[PDB]
Amino acid sequence: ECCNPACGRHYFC
């Protein structure tokens, strides 16, 4: 999962 902002432009949730 990736709901954190650290995902930056790699957003996926």
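From the backbone N, Cα and C atoms, a Cβ is placed for every residue, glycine too.
Taken from Swiss-Prot, the feature disulfide bond applies to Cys2-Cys7 (among others), supported by similarity to another entry. For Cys2 (disulfide bond), the count of additional Cβ atoms within 10 Å of its Cβ stands at 11 [all protein chains shown].
Residues or ranges marked as disulfide bond in Swiss-Prot (evidence: similarity to another entry): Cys3-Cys13 (among others). All protein chains considered, the CB of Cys3 (disulfide bond) has 9 other CB atoms within 10 Å.
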Here the disulfide-bonded residues are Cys7, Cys13; the one whose Cβ sees the most other Cβ atoms within 10 Å is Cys7
Spacing of the two Cα atoms, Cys2 (disulfide bond) and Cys13 (disulfide bond), in whole angstrom, works out to 6
